[PDB]
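Colleague: Contents of entry00.cif (mmCIF, C-alpha atoms and all ligand atoms) are given next:
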```cif
data_start
#
loop_
_atom_site.label_atom_id
_atom_site.label_comp_id
_atom_site.auth_asym_id
_atom_site.auth_seq_id
_atom_site.Cartn_x
_atom_site.Cartn_y
_atom_site.Cartn_z
CA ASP W 1 53.26 -43.52 -119.95
CA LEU W 2 52.55 -45.19 -123.35
CA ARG W 3 51.62 -48.76 -122.18
CA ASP W 4 51.84 -48.33 -118.38
CA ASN W 5 53.27 -51.09 -116.16
CA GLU W 6 54.20 -51.50 -112.54
CA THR W 7 53.28 -55.07 -111.54
CA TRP W 8 50.58 -57.70 -111.62
CA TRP W 9 48.51 -56.00 -108.95
CA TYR W 10 48.06 -52.81 -111.07
CA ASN W 11 44.39 -52.14 -111.78
CA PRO W 12 43.71 -49.08 -114.06
CA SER W 13 40.32 -48.00 -112.71
CA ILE W 14 40.80 -48.91 -109.02
CA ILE W 15 43.13 -47.39 -106.41
CA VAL W 16 44.49 -50.60 -104.90
CA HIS W 17 45.50 -50.20 -101.26
CA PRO W 18 49.24 -50.22 -100.70
CA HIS W 19 48.84 -53.17 -98.34
CA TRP W 20 47.52 -55.48 -101.05
CA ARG W 21 50.53 -54.47 -103.13
CA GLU W 22 53.33 -55.14 -100.65
CA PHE W 23 52.95 -58.88 -101.27
CA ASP W 24 54.10 -61.11 -104.04
CA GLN W 25 51.56 -62.44 -106.49
CA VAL W 26 49.46 -65.50 -105.80
CA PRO W 27 49.96 -68.46 -108.25
CA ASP W 28 47.99 -69.06 -111.46
CA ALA W 29 46.13 -71.97 -109.86
CA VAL W 30 44.59 -70.25 -106.81
CA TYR W 31 43.06 -67.62 -109.07
CA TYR W 32 41.50 -70.31 -111.25
CA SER W 33 40.36 -72.17 -108.14
CA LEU W 34 39.04 -68.91 -106.75
CA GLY W 35 37.28 -68.81 -110.07
CA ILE W 36 35.99 -72.38 -110.39
CA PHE W 37 35.25 -72.32 -106.67
CA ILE W 38 33.03 -69.25 -106.70
CA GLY W 39 31.48 -70.39 -109.93
CA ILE W 40 30.16 -73.43 -108.17
CA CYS W 41 28.43 -71.05 -105.71
CA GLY W 42 26.83 -69.06 -108.46
CA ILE W 43 25.21 -72.25 -109.67
CA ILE W 44 24.32 -74.00 -106.45
CA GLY W 45 23.07 -70.83 -104.78
CA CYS W 46 21.08 -69.29 -107.59
CA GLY W 47 19.81 -72.79 -107.88
CA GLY W 48 18.48 -73.43 -104.42
CA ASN W 49 17.20 -69.94 -103.77
CA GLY W 50 15.48 -69.93 -107.15
CA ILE W 51 13.81 -73.25 -106.41
CA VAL W 52 13.08 -72.17 -102.91
CA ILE W 53 11.45 -69.02 -104.24
CA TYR W 54 9.61 -71.15 -106.82
CA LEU W 55 8.30 -73.68 -104.34
CA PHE W 56 7.34 -71.45 -101.46
CA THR W 57 5.70 -69.02 -103.86
CA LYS W 58 3.58 -71.58 -105.67
CA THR W 59 2.95 -74.59 -103.34
CA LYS W 60 -0.42 -73.91 -101.63
CA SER W 61 0.51 -75.77 -98.44
CA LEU W 62 2.96 -72.95 -97.80
CA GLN W 63 1.22 -69.58 -98.18
CA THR W 64 1.78 -69.08 -94.41
CA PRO W 65 2.67 -65.36 -93.86
CA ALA W 66 5.64 -66.46 -91.78
CA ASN W 67 7.21 -68.02 -94.85
CA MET W 68 7.23 -64.83 -96.88
CA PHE W 69 10.38 -64.48 -94.90
CA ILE W 70 11.86 -67.68 -96.21
CA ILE W 71 11.12 -66.15 -99.59
CA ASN W 72 12.86 -62.93 -98.72
CA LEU W 73 15.93 -64.82 -97.55
CA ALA W 74 15.96 -67.18 -100.50
CA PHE W 75 15.81 -63.93 -102.46
CA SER W 76 18.62 -62.00 -100.76
CA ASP W 77 21.09 -64.81 -100.79
CA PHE W 78 20.26 -65.33 -104.46
CA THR W 79 20.97 -61.82 -105.65
CA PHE W 80 24.06 -61.94 -103.57
CA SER W 81 25.34 -65.09 -105.25
CA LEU W 82 24.19 -63.91 -108.65
CA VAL W 83 26.18 -60.70 -108.39
CA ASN W 84 28.97 -61.58 -105.92
CA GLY W 85 29.42 -64.69 -107.97
CA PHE W 86 29.38 -64.80 -111.75
CA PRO W 87 30.11 -62.96 -113.91
CA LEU W 88 32.20 -60.41 -112.03
CA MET W 89 34.43 -62.28 -109.58
CA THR W 90 34.88 -65.43 -111.62
CA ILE W 91 36.26 -63.52 -114.59
CA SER W 92 38.40 -61.17 -112.56
CA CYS W 93 39.79 -64.45 -111.28
CA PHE W 94 40.24 -66.26 -114.60
CA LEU W 95 42.19 -63.19 -115.65
CA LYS W 96 44.11 -62.37 -112.44
CA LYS W 97 42.63 -58.84 -112.87
CA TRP W 98 39.29 -57.06 -112.29
CA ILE W 99 38.08 -56.20 -115.84
CA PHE W 100 34.97 -54.39 -114.73
CA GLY W 101 34.27 -50.74 -113.91
CA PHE W 102 35.24 -48.86 -110.77
CA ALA W 103 31.57 -48.51 -110.06
CA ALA W 104 31.45 -52.19 -110.92
CA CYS W 105 33.59 -52.70 -107.89
CA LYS W 106 31.51 -50.29 -105.83
CA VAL W 107 28.29 -52.15 -106.52
CA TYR W 108 29.58 -55.67 -106.26
CA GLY W 109 30.02 -54.82 -102.60
CA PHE W 110 26.96 -52.77 -101.90
CA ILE W 111 24.95 -55.75 -103.18
CA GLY W 112 26.71 -58.23 -100.92
CA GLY W 113 26.34 -55.46 -98.41
CA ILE W 114 22.58 -55.26 -98.48
CA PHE W 115 22.19 -58.91 -98.98
CA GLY W 116 24.44 -59.95 -96.15
CA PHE W 117 22.52 -57.79 -93.74
CA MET W 118 19.32 -58.88 -95.37
CA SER W 119 19.81 -62.56 -94.79
CA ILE W 120 21.00 -62.03 -91.23
CA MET W 121 18.54 -59.31 -90.23
CA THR W 122 15.80 -61.46 -91.74
CA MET W 123 16.59 -64.53 -89.61
CA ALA W 124 15.88 -62.20 -86.77
CA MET W 125 12.39 -61.57 -88.12
CA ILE W 126 11.85 -65.30 -88.42
CA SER W 127 13.19 -65.82 -84.93
CA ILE W 128 10.69 -63.19 -83.82
CA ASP W 129 7.96 -65.38 -85.28
CA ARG W 130 9.09 -68.56 -83.56
CA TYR W 131 9.04 -66.72 -80.27
CA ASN W 132 5.41 -65.74 -80.94
CA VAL W 133 4.65 -69.41 -81.62
CA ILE W 134 6.86 -71.17 -79.03
CA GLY W 135 8.51 -68.98 -76.34
CA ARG W 136 5.37 -67.23 -75.16
CA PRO W 137 3.01 -69.45 -73.08
CA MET W 138 0.62 -71.55 -75.22
CA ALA W 139 -2.24 -69.28 -74.13
CA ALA W 140 -0.74 -66.06 -75.59
CA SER W 141 0.66 -67.33 -78.95
CA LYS W 142 0.16 -65.34 -82.17
CA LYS W 143 0.95 -66.94 -85.52
CA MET W 144 2.30 -64.65 -88.26
CA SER W 145 -0.04 -62.46 -90.35
CA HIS W 146 0.34 -61.31 -93.98
CA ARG W 147 0.27 -57.77 -92.54
CA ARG W 148 2.90 -57.78 -89.79
CA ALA W 149 5.09 -59.87 -92.06
CA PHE W 150 5.15 -57.43 -94.99
CA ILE W 151 5.87 -54.54 -92.63
CA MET W 152 8.82 -56.34 -91.12
CA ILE W 153 10.10 -57.15 -94.57
CA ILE W 154 10.05 -53.44 -95.34
CA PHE W 155 11.67 -52.71 -92.01
CA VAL W 156 14.27 -55.20 -92.97
CA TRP W 157 14.89 -53.81 -96.39
CA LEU W 158 15.22 -50.09 -95.46
CA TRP W 159 17.60 -51.36 -92.82
CA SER W 160 19.59 -53.86 -94.85
CA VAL W 161 20.29 -51.01 -97.22
CA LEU W 162 20.82 -48.20 -94.70
CA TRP W 163 23.94 -49.73 -93.14
CA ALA W 164 25.55 -50.65 -96.43
CA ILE W 165 24.68 -47.48 -98.25
CA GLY W 166 27.16 -45.55 -96.14
CA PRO W 167 30.18 -46.26 -98.41
CA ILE W 168 28.18 -45.20 -101.47
CA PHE W 169 28.52 -41.70 -100.07
CA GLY W 170 32.20 -41.72 -98.94
CA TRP W 171 31.58 -42.78 -95.28
CA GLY W 172 33.75 -45.85 -95.39
CA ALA W 173 34.18 -47.21 -98.94
CA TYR W 174 34.34 -50.34 -101.13
CA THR W 175 37.52 -51.32 -103.13
CA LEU W 176 39.41 -54.45 -104.14
CA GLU W 177 40.80 -56.93 -101.64
CA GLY W 178 42.51 -60.23 -101.13
CA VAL W 179 43.77 -61.23 -104.49
CA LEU W 180 42.15 -58.16 -105.95
CA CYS W 181 39.60 -60.20 -107.91
CA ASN W 182 36.52 -59.74 -105.82
CA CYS W 183 35.74 -56.41 -104.23
CA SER W 184 34.72 -55.69 -100.63
CA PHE W 185 34.35 -53.01 -97.91
CA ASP W 186 37.34 -50.96 -96.70
CA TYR W 187 38.64 -52.34 -93.46
CA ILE W 188 42.27 -51.31 -94.00
CA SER W 189 42.42 -47.45 -93.86
CA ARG W 190 42.02 -46.46 -90.22
CA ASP W 191 40.93 -42.86 -90.67
CA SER W 192 38.11 -41.32 -88.59
CA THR W 193 35.62 -41.56 -91.46
CA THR W 194 36.15 -45.15 -92.62
CA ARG W 195 36.66 -46.58 -89.15
CA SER W 196 33.48 -44.81 -87.98
CA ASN W 197 31.34 -46.59 -90.61
CA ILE W 198 33.03 -49.93 -90.03
CA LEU W 199 31.91 -50.02 -86.41
CA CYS W 200 28.33 -49.13 -87.17
CA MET W 201 28.42 -51.94 -89.76
CA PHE W 202 29.41 -54.44 -87.03
CA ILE W 203 27.07 -53.18 -84.28
CA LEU W 204 24.21 -52.20 -86.44
CA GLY W 205 24.18 -54.56 -89.42
CA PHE W 206 25.34 -57.55 -87.42
CA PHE W 207 25.38 -57.57 -83.64
CA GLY W 208 22.13 -55.63 -83.54
CA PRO W 209 20.39 -58.64 -85.11
CA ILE W 210 22.31 -61.30 -83.14
CA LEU W 211 21.15 -59.78 -79.87
CA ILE W 212 17.59 -60.29 -81.08
CA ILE W 213 18.21 -63.74 -82.44
CA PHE W 214 19.78 -64.91 -79.19
CA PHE W 215 17.20 -63.08 -77.12
CA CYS W 216 14.59 -65.35 -78.71
CA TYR W 217 16.18 -68.82 -78.85
CA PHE W 218 16.76 -68.47 -75.13
CA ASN W 219 13.36 -67.13 -74.18
CA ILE W 220 12.19 -70.15 -76.17
CA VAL W 221 14.56 -72.74 -74.76
CA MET W 222 13.72 -71.66 -71.20
CA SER W 223 9.95 -71.68 -71.85
CA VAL W 224 10.04 -75.35 -72.92
CA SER W 225 10.57 -76.38 -69.30
CA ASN W 226 7.06 -74.96 -68.81
CA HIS W 227 5.67 -76.61 -71.96
CA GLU W 228 5.65 -80.23 -70.68
CA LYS W 229 3.26 -79.22 -67.87
CA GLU W 230 1.12 -77.39 -70.44
CA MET W 231 1.17 -80.34 -72.90
CA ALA W 232 0.33 -82.78 -70.07
CA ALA W 233 -2.02 -80.44 -68.05
CA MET W 234 -4.08 -79.44 -71.07
CA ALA W 235 -3.58 -83.07 -72.14
CA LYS W 236 -6.14 -84.02 -69.48
CA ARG W 237 -8.99 -81.76 -70.69
CA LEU W 238 -9.03 -83.41 -74.19
CA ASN W 239 -10.03 -86.32 -76.49
CA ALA W 240 -7.60 -88.89 -78.07
CA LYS W 241 -7.38 -86.98 -81.38
CA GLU W 242 -7.37 -83.35 -80.24
CA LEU W 243 -4.29 -84.02 -78.07
CA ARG W 244 -2.43 -85.22 -81.10
CA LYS W 245 -3.57 -82.03 -82.84
CA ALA W 246 -1.99 -80.15 -79.89
CA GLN W 247 1.21 -82.12 -79.65
CA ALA W 248 1.67 -82.57 -83.38
CA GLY W 249 1.13 -78.84 -83.85
CA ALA W 250 3.62 -78.31 -81.06
CA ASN W 251 6.02 -80.96 -82.36
CA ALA W 252 6.12 -79.32 -85.80
CA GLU W 253 6.57 -75.59 -85.25
CA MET W 254 9.32 -76.78 -82.92
CA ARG W 255 11.19 -78.27 -85.89
CA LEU W 256 10.79 -75.09 -87.95
CA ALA W 257 12.43 -73.27 -85.08
CA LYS W 258 15.10 -75.99 -84.87
CA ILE W 259 15.83 -75.60 -88.53
CA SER W 260 16.18 -71.84 -88.50
CA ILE W 261 18.54 -72.35 -85.59
CA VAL W 262 20.76 -74.54 -87.74
CA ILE W 263 20.71 -71.67 -90.33
CA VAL W 264 21.78 -68.96 -87.93
CA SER W 265 24.23 -71.61 -86.95
CA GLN W 266 25.28 -71.54 -90.61
CA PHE W 267 25.36 -67.76 -91.10
CA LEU W 268 27.31 -67.17 -87.90
CA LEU W 269 30.20 -69.47 -88.84
CA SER W 270 30.75 -68.48 -92.44
CA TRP W 271 30.92 -64.77 -91.88
CA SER W 272 32.60 -64.25 -88.50
CA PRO W 273 36.01 -65.79 -89.47
CA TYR W 274 36.39 -63.23 -92.23
CA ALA W 275 34.64 -60.81 -89.88
CA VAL W 276 37.40 -61.49 -87.41
CA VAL W 277 40.04 -60.99 -90.08
CA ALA W 278 38.33 -57.67 -90.76
CA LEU W 279 38.58 -56.21 -87.32
CA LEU W 280 42.12 -57.51 -86.99
CA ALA W 281 43.19 -55.69 -90.12
CA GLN W 282 41.34 -52.67 -88.64
CA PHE W 283 42.79 -52.81 -85.13
CA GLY W 284 45.71 -55.24 -84.74
CA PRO W 285 48.63 -56.94 -86.64
CA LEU W 286 48.01 -55.65 -90.16
CA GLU W 287 51.21 -57.53 -91.04
CA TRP W 288 49.22 -60.74 -90.47
CA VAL W 289 46.32 -60.04 -92.87
CA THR W 290 48.15 -61.77 -95.76
CA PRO W 291 46.40 -62.67 -99.02
CA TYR W 292 44.91 -65.89 -97.73
CA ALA W 293 44.21 -64.13 -94.44
CA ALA W 294 41.43 -62.29 -96.21
CA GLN W 295 40.59 -64.11 -99.45
CA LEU W 296 40.49 -67.76 -98.26
CA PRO W 297 38.03 -66.76 -95.44
CA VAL W 298 35.95 -64.27 -97.43
CA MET W 299 35.07 -67.24 -99.62
CA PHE W 300 33.45 -69.34 -96.90
CA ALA W 301 31.46 -66.17 -96.02
CA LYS W 302 30.16 -65.45 -99.51
CA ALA W 303 29.30 -69.15 -99.66
CA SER W 304 27.06 -68.58 -96.65
CA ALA W 305 24.42 -67.50 -99.11
CA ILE W 306 23.83 -70.92 -100.68
CA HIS W 307 23.39 -73.34 -97.77
CA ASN W 308 19.88 -72.72 -96.58
CA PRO W 309 18.41 -74.54 -99.57
CA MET W 310 20.68 -77.55 -99.05
CA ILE W 311 20.00 -77.42 -95.33
CA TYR W 312 16.22 -77.20 -95.90
CA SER W 313 16.40 -80.00 -98.45
CA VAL W 314 17.55 -82.34 -95.68
CA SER W 315 15.23 -81.19 -92.95
CA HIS W 316 12.11 -79.19 -93.87
CA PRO W 317 9.02 -81.33 -94.40
CA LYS W 318 6.43 -79.50 -96.55
CA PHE W 319 9.41 -78.48 -98.74
CA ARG W 320 10.77 -81.93 -99.49
CA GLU W 321 7.11 -82.70 -100.24
CA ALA W 322 7.12 -80.22 -103.10
CA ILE W 323 10.70 -81.05 -104.14
CA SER W 324 9.86 -84.70 -104.75
CA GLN W 325 6.70 -83.95 -106.75
CA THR W 326 8.34 -81.69 -109.33
CA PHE W 327 12.04 -82.10 -108.62
CA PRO W 328 12.83 -85.43 -106.96
CA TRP W 329 16.14 -85.93 -108.76
CA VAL W 330 17.54 -83.45 -106.28
CA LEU W 331 16.42 -85.45 -103.26
CA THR W 332 18.38 -88.25 -104.89
CA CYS W 333 20.69 -88.51 -101.85
CA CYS W 334 18.21 -87.66 -99.14
CA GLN W 335 14.97 -89.15 -100.55
CA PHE W 336 11.39 -88.54 -99.38
CA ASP W 337 8.90 -90.79 -97.46
CA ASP W 338 5.11 -90.07 -97.03
CA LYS W 339 5.64 -90.34 -93.18
CA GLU W 340 7.14 -86.92 -92.24
CA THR W 341 4.20 -84.77 -93.48
CA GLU W 342 1.65 -86.53 -91.27
CA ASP W 343 2.78 -84.63 -88.16
CA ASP W 344 1.90 -81.39 -90.01
CA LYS W 345 -1.41 -82.13 -91.82
CA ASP W 346 -3.17 -83.11 -88.55
CA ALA W 347 -2.54 -79.48 -87.56
CA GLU W 348 -5.17 -78.52 -90.14
CA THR W 349 -8.25 -80.70 -89.42
CA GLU W 350 -11.56 -79.07 -88.56
CA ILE W 351 -13.92 -78.69 -85.48
CA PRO W 352 -17.64 -79.95 -85.48
CA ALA W 353 -17.74 -82.70 -82.74
CA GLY W 354 -14.94 -82.83 -80.12
CA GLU W 355 -14.03 -80.74 -76.98
CA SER W 356 -16.90 -78.60 -75.56
CA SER W 357 -16.76 -78.16 -71.75
CA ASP W 358 -18.87 -75.81 -69.61
CA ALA W 359 -16.18 -73.12 -70.18
CA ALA W 360 -16.65 -72.18 -73.89
CA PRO W 361 -13.65 -70.89 -76.11
CA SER W 362 -12.73 -67.68 -78.21
CA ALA W 363 -8.85 -67.33 -78.62
CA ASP W 364 -7.61 -63.86 -80.12
CA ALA W 365 -5.45 -64.85 -83.22
CA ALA W 366 -5.47 -62.53 -86.35
CA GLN W 367 -9.02 -63.09 -87.80
CA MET W 368 -9.97 -59.40 -88.25
CA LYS W 369 -11.86 -58.46 -91.45
CA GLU W 370 -13.21 -55.00 -92.43
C1 LIG Q 401 32.52 -60.63 -101.06
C2 LIG Q 401 32.20 -59.25 -100.84
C3 LIG Q 401 31.81 -58.87 -99.66
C4 LIG Q 401 31.66 -59.87 -98.52
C5 LIG Q 401 31.42 -57.47 -99.42
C6 LIG Q 401 30.86 -56.79 -98.43
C7 LIG Q 401 30.50 -57.29 -97.09
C8 LIG Q 401 29.88 -56.65 -96.10
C9 LIG Q 401 29.34 -55.29 -96.23
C10 LIG Q 401 29.77 -57.26 -94.79
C11 LIG Q 401 29.30 -56.91 -93.66
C12 LIG Q 401 29.42 -57.91 -92.52
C13 LIG Q 401 29.78 -59.31 -92.60
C14 LIG Q 401 30.09 -60.03 -93.89
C15 LIG Q 401 29.89 -60.17 -91.35
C16 LIG Q 401 29.92 -59.44 -90.09
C17 LIG Q 401 28.92 -58.30 -89.99
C18 LIG Q 401 29.20 -57.26 -91.12
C19 LIG Q 401 28.02 -56.39 -91.03
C20 LIG Q 401 30.51 -56.41 -90.88
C1 LIG Q 402 24.52 -87.52 -103.29
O1 LIG Q 402 25.64 -87.89 -102.87
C2 LIG Q 402 24.32 -86.09 -103.71
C3 LIG Q 402 25.63 -85.33 -103.83
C4 LIG Q 402 26.49 -85.85 -104.97
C5 LIG Q 402 27.83 -85.16 -104.97
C6 LIG Q 402 28.20 -84.77 -106.39
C7 LIG Q 402 28.54 -83.30 -106.51
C8 LIG Q 402 30.01 -83.02 -106.20
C9 LIG Q 402 30.38 -81.56 -106.49
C10 LIG Q 402 30.28 -81.22 -107.98
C11 LIG Q 402 29.69 -79.83 -108.20
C12 LIG Q 402 29.01 -79.68 -109.58
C13 LIG Q 402 29.99 -79.82 -110.76
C14 LIG Q 402 29.39 -79.26 -112.05
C15 LIG Q 402 30.01 -79.87 -113.31
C16 LIG Q 402 31.48 -79.54 -113.49
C1 LIG Q 403 19.93 -84.56 -100.63
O1 LIG Q 403 20.68 -85.19 -101.40
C2 LIG Q 403 20.39 -83.27 -100.02
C3 LIG Q 403 21.59 -82.64 -100.71
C4 LIG Q 403 22.88 -83.22 -100.15
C5 LIG Q 403 24.09 -82.33 -100.40
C6 LIG Q 403 25.04 -82.89 -101.46
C7 LIG Q 403 26.46 -82.41 -101.18
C8 LIG Q 403 27.10 -81.70 -102.37
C9 LIG Q 403 27.63 -80.35 -101.93
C10 LIG Q 403 28.96 -80.01 -102.57
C11 LIG Q 403 29.87 -79.24 -101.61
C12 LIG Q 403 30.75 -80.16 -100.76
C13 LIG Q 403 32.23 -80.05 -101.16
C14 LIG Q 403 33.17 -80.30 -99.96
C15 LIG Q 403 33.74 -78.97 -99.44
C16 LIG Q 403 33.77 -78.90 -97.92
#
```
Rewrite the structure of this file - the entire thing - as structure tokens.
Ligand SMILES: *C/C=C(C)/C=C\C=C(C)\C=C\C1=C(C)CCCC1(C)C
Ligand SMILES: *C(=O)CCCCCCCCCCCCCCC
Ligand SMILES: *C(=O)CCCCCCCCCCCCCCC
Modeller:
Amino acid sequence: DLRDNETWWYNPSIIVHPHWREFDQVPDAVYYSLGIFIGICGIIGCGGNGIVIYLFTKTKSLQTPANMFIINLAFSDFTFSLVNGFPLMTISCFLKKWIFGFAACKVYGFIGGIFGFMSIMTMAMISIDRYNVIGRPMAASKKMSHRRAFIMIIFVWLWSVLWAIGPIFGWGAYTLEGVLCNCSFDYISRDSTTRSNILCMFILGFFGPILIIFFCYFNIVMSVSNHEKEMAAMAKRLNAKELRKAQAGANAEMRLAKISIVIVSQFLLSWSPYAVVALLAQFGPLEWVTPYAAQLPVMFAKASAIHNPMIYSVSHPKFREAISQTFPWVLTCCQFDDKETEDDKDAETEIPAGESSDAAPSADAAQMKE
């Protein structure tokens, strides 16, 4: 009353949770780090994703419908970083307090919300593609089509949102956390309403995808055993340059799938630790969930949205191709060599004169036109 005080942790527009109050304040330096640190991720991430969008949307050698996913992901993880990063969290941090609106805090999360599920759920979609290009027997393969793709996207979106929109209507809720500088979902209060949402969040916005992801990269792994007989047995029926077109086109997609695995490898590790912390604080030793118990790990997890680019930039071919032509200075520590792209190119050579036995071909692979 007339210049209100209580402690550091007091935040005028947001109802802190008692738990975050029962501790003593973190030092002036962690906040700044927490600032500086998540500033770096605003940059890096809105960098990569931006580029990534920019390349994959312009570079002609990449208009493959399957990639519109890459786009989507580059997109999600961008937004995320944009918002989740600067300006909100970094300032809250530089000023040990969350300057922005209550709704500011409500959104900050929702965003991350959508865009956490987006990235993850999306990988699934990709993984679906790889299965249609590698797990199913050579004979039955279906490459991605501008149509299917765009539907999936939309399935994704609706979804991504659905499971994070809950809190925006009181089922669960978003407030401050850790050092009260960022914002996040409510995993403390164990009432019937909050707890109910929380579990859907885990099963629906997270496991739900994982099941699918795993379901593929197994069905694929196991169907490779079979591939060597198919790449050797239909390696008899062909010329010396159509076999390379078959192995090169089978040696490449492979990589794409290998890459996306290393991503899901990425996503899985950065979120789960915090994720674990979450459930704990929702089911076990709440006394444990100390400041660092939530904040130090929620960082690694927000960070999860800025690796893909770096990862790609050390392993995707066609990409590096485009990097180097407009932005080589980035590949400064992982330079390009004309070699890598050969494997691909030979996938797109044409047909008049080579392979025509007395058992003529017509394959079934997305060529319908009105
Ligand atoms: C930094 C602010 C954050 C991370 C706010 C919100 C996060 C979510 C809605 C997260 C949902 C999930 C994550 C991060 C990992 C496990 C699965 C999940 C759906 C509970
Ligand atoms: C070759 O080694 C490429 C990586 C070079 C590492 C240099 C970057 C270190 C992290 C600094 C982050 C940007 C700082 C922005 C200016 C303060
Ligand atoms: C080609 O150069 C590909 C890019 C290589 C990545 C450069 C690494 C800089 C990333 C900064 C983050 C590392 C800080 C250490 C914290 C674990």
Colleague: Counting only C-alpha atoms and all ligand atoms, which of W:26, W:41, W:95, W:296 gets nearest to ligand LIG 402 (chain Q)?
Modeller: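 Closest to ligand LIG 402 (chain Q), using only C-alpha atoms and all ligand atoms: W:41.
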Colleague: Within 12 Å of ligand LIG 402 (chain Q), counting all atoms listed in the file: which residues, as a list in words?
Modeller: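 Taking all atoms listed in the file into account, the residues around ligand LIG 402 (chain Q) at most 12 Å away are residues 36, 37, 38, 39, 40, 41, 42, 43, 44, 45, 47, 310, 313, 314, 328, 329, 330, 331, 332, 333, 334 and 335 of chain W.
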Colleague: Can you tell me, as a CSV table (one decimal) with C-alpha atoms, in the frame of the given file, what residues are no more than 12 Å from residue 195 in chain W when counting only C-alpha atoms, ignoring any on the same chain fewer than 5 positions away?
Modeller:
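Output saved as result.csv:
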```
chain,number,residue,atom,x,y,z
W,166,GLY,CA,27.2,-45.6,-96.1
W,167,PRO,CA,30.2,-46.3,-98.4
W,170,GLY,CA,32.2,-41.7,-98.9
W,171,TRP,CA,31.6,-42.8,-95.3
W,172,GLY,CA,33.8,-45.8,-95.4
W,173,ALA,CA,34.2,-47.2,-98.9
W,185,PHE,CA,34.4,-53.0,-97.9
W,186,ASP,CA,37.3,-51.0,-96.7
W,187,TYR,CA,38.6,-52.3,-93.5
W,188,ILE,CA,42.3,-51.3,-94.0
W,189,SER,CA,42.4,-47.4,-93.9
W,190,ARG,CA,42.0,-46.5,-90.2
W,200,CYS,CA,28.3,-49.1,-87.2
W,201,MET,CA,28.4,-51.9,-89.8
W,202,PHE,CA,29.4,-54.4,-87.0
W,278,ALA,CA,38.3,-57.7,-90.8
W,279,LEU,CA,38.6,-56.2,-87.3
W,281,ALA,CA,43.2,-55.7,-90.1
W,282,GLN,CA,41.3,-52.7,-88.6
W,283,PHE,CA,42.8,-52.8,-85.1
```
Colleague: Quick one: what's the axis-aligned box for range 296-302 of chain W, all listed atoms, 4 Å on every side, centre and edges in Å to one decimal, as JSON?
Modeller:
```
{"center_x": 35.3, "center_y": -66.8, "center_z": -97.5, "size_x": 18.3, "size_y": 13.1, "size_z": 12.2}
```
Colleague: If you count all atoms listed in the file, which residues end up within 9 Å of ligand LIG 401 (chain Q), as a short mmCIF file (atom, residue, chain, number, x, y, z; two decimals) with C-alpha atoms, keeping the file's coordinate frame?
Modeller:
```cif
data_model
loop_
_atom_site.label_atom_id
_atom_site.label_comp_id
_atom_site.auth_asym_id
_atom_site.auth_seq_id
_atom_site.Cartn_x
_atom_site.Cartn_y
_atom_site.Cartn_z
CA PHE W 80 24.06 -61.94 -103.57
CA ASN W 84 28.97 -61.58 -105.92
CA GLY W 85 29.42 -64.69 -107.97
CA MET W 89 34.43 -62.28 -109.58
CA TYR W 108 29.58 -55.67 -106.26
CA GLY W 109 30.02 -54.82 -102.60
CA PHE W 110 26.96 -52.77 -101.90
CA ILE W 111 24.95 -55.75 -103.18
CA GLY W 112 26.71 -58.23 -100.92
CA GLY W 113 26.34 -55.46 -98.41
CA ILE W 114 22.58 -55.26 -98.48
CA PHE W 115 22.19 -58.91 -98.98
CA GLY W 116 24.44 -59.95 -96.15
CA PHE W 117 22.52 -57.79 -93.74
CA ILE W 120 21.00 -62.03 -91.23
CA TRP W 163 23.94 -49.73 -93.14
CA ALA W 164 25.55 -50.65 -96.43
CA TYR W 174 34.34 -50.34 -101.13
CA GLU W 177 40.80 -56.93 -101.64
CA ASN W 182 36.52 -59.74 -105.82
CA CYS W 183 35.74 -56.41 -104.23
CA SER W 184 34.72 -55.69 -100.63
CA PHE W 185 34.35 -53.01 -97.91
CA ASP W 186 37.34 -50.96 -96.70
CA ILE W 198 33.03 -49.93 -90.03
CA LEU W 199 31.91 -50.02 -86.41
CA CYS W 200 28.33 -49.13 -87.17
CA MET W 201 28.42 -51.94 -89.76
CA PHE W 202 29.41 -54.44 -87.03
CA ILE W 203 27.07 -53.18 -84.28
CA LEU W 204 24.21 -52.20 -86.44
CA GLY W 205 24.18 -54.56 -89.42
CA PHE W 206 25.34 -57.55 -87.42
CA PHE W 207 25.38 -57.57 -83.64
CA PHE W 267 25.36 -67.76 -91.10
CA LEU W 268 27.31 -67.17 -87.90
CA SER W 270 30.75 -68.48 -92.44
CA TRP W 271 30.92 -64.77 -91.88
CA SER W 272 32.60 -64.25 -88.50
CA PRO W 273 36.01 -65.79 -89.47
CA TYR W 274 36.39 -63.23 -92.23
CA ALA W 275 34.64 -60.81 -89.88
CA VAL W 276 37.40 -61.49 -87.41
CA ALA W 278 38.33 -57.67 -90.76
CA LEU W 279 38.58 -56.21 -87.32
CA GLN W 295 40.59 -64.11 -99.45
CA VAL W 298 35.95 -64.27 -97.43
CA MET W 299 35.07 -67.24 -99.62
CA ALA W 301 31.46 -66.17 -96.02
CA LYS W 302 30.16 -65.45 -99.51
#
```
Colleague: Find, counting all atoms listed in the file, the residue in W:228, W:364, W:338, W:321 that gets nearest to residue 139 in chain W.
Modeller: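 Comparing W:228, W:364, W:338, W:321 against residue 139 in chain W, the winner is W:364.
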Colleague: Work out how far apart CA of residue 22 in chain W and CA of residue 92 in chain W are and give it in Å to one decimal.
Modeller: 20.0 Å
Colleague: So, with all atoms listed in the file as the atoms that count, which of W:67, W:311, W:252, W:107 lies closest to ligand LIG 403 (chain Q)?
Modeller: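 Of all the options, W:311 lies closest to ligand LIG 403 (chain Q).
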Colleague: Kindly give the distance, in Å, that separates CA of residue 248 in chain W and CA of residue 64 in chain W, rounded to a single decimal.
Modeller: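 Between CA of residue 248 in chain W and CA of residue 64 in chain W the gap works out to 17.4 Å.
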